[PDB]
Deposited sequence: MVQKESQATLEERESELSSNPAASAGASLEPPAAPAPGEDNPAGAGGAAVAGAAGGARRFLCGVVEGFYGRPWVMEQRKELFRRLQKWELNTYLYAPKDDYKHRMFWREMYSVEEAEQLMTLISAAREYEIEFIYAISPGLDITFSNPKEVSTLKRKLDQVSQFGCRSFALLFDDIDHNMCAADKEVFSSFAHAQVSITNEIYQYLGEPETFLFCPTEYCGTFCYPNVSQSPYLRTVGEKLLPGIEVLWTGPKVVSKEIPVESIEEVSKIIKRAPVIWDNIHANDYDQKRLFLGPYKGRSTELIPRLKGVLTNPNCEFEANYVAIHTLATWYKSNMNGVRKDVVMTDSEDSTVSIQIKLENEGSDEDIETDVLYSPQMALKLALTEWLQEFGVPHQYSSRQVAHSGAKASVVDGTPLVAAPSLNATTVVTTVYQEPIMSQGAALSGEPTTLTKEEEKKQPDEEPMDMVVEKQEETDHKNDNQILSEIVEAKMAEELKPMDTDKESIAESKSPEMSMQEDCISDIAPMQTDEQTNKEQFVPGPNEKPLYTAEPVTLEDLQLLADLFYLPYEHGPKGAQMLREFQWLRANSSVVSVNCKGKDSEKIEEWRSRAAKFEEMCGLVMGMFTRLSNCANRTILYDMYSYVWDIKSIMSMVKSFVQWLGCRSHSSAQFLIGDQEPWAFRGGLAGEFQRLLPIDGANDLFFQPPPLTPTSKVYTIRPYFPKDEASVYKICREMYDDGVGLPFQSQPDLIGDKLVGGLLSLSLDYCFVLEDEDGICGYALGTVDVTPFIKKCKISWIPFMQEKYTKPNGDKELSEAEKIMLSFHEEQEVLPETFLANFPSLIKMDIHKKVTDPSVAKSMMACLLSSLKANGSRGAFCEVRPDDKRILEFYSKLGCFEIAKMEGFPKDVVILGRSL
């Protein structure tokens, strides 16, 4: 019995009910089994955790819970009271019971209390009653677990939810020692690995934490989360998590991109990883590369589905003729790959452009043959690759599935707009030994990224135009 699935647990615009229902269908299809409702900014889940749902909201939740049951997906209702609950007040604890009990009357049998991203400071009244922040949390979590009839699945998200957050380290944390000792053993605890967004989750980091919390954790995986950086998106495969973790874990619930339709790879490849070693104990089962191909091959089929003039040899050919290919998606994913890694093709373009720039002088004076025919042929290879990015954009912009397009638009627009400008600059580097033109005062580009961008930059890390915005 292993919880594998998705947690809607990020900041910003939550998913709407139609999308949650569609998620359940995808989860079932890929043989996953769990959804955890935890959208940080759905107002009645965290900020206003005290308010009961209205009649309409109640009707929408009942329908959603029914849809989970119909798709053989376990629906886990989480709540996040940690920003302002007075833990020692029994009127507050009753409010929390009332809320959760309203939800069980919607049909829900699984629950969670989340204490992620809050400070350690307690109010005066809670310090009189509890000796540490952990004691207060564990107390109300135990009291709520028991009030709900000790449900088969109840989750707890600690404030120290990753290696780096544990004062002073994982294995001596007083916060986690208390959680391990006092949190009832039927309750499961959530963990995100060594960091908030863990590049790898090694087996020993999980043995280490399993010992102080005294169970195998459920992983809350932020690998594909993109709420922390406006320009980023993650389409690369589930990676850096050994199939050997599966027997050492109670589950994995991935918290992925905000943009719903961008999560085809993230969820599909998680499912391939789980299925690969569903029944192992205490030979190379999962290949990230092969799983990416499986997922992109299957994602492609959705682009032609919504959600006969033929011009002569002399006439204007159809702008719309060419559909999105598999090679376009392999490329898109390599440009928007993983949090600590660009995909092979993007890393390559970046490396070639760095090289062209630092060897730029070779081509700005007057013929040095062997170095020069190297630069020209790498520069032409690079110009062709920039052309593949524009093609990828152009064909996506024409696909029949507009819902997928809109979710990804601003990302694909951004990369193609920047590759177009990079290509232009490489072209200009190759004219320096005969063109007098300079490259480019004030258009959009002087202010790129807005005010945020200016601060970020000051910290430690028949003649077509140039002045095109669109």
Q.
Checking coverage: what stretches of the deposited chain sequence are missing C-alpha positions?
A. 1 to 58, 341 to 370, 396 to 536, 597 to 599, 673 to 674, 696 to 706, 716 to 916
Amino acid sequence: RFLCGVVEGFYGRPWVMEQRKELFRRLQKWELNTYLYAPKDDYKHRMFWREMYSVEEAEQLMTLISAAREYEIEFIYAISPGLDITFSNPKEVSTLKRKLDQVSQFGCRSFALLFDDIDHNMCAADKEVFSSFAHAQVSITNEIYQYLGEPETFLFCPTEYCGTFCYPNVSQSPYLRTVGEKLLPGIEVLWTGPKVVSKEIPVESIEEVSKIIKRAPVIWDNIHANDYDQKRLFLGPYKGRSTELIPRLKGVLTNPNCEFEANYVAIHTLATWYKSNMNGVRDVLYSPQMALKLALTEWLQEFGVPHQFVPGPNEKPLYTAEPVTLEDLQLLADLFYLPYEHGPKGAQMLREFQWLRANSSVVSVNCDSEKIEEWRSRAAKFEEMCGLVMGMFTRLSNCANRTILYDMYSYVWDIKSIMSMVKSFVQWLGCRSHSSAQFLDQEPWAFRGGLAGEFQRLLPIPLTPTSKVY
From here on, numbers count along this sequence of modelled residues.
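By rigid core we mean the largest C-alpha set that fits within 1.5 Å across both forms.
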**Q.** Segment of greater CA departure in 5 other deposited structures of this protein, 375 to 383 or 331 to 339, core superposed
**A.** 375 to 383
Q. What stretch shows more C-alpha movement in 5 other deposited structures of this protein relative to this form, 354 to 362 or 216 to 224, after the core is superposed?
A. 354 to 362
Q.
Taking the other PDB entries of this protein that cover both neighbours, check whether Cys367 lacks coordinates in at least a third of them.
A. yes
Q. If we scan the other compared entries, does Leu440 go without coordinates in at least a third?
A. yes
Q. With respect to the recorded C-alpha B factors, which stretch has the higher mean value, 148 to 156 or 262 to 270?
A. 148 to 156
Q) So which stretch wins on mean C-alpha B-factor, 452 to 460 or 19 to 27? A) 452 to 460
(Q) If I read the C-alpha B-factors straight from the PDB entry, which of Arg395, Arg357, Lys275, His224 is highest? (A) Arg357
Q. Out of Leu429, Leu36, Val422, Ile404, which one has a C-alpha B factor higher than all the others in the entry?
A. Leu429
Q: Can you work out whether the C-alpha temperature factor of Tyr409 puts it in the lowest, middle or highest third of the chain?
A: lowest
Q.
Test of reading the entry: by CA B factor among the chain's modelled residues, which third contains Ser377?
A. highest
Q: Report the third (lowest, middle or highest) to which the CA temperature factor of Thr192 belongs, ranking only the modelled residues of the same chain.
A: lowest
(Q) Ranking every modelled residue in this chain by its Cα temperature factor as given in the entry, which third contains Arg46? (A) lowest
Q: Comparing against every modelled residue in the chain, figure out the third that the C-alpha B-factor of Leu183 lands in (lowest, middle or highest).
A: highest
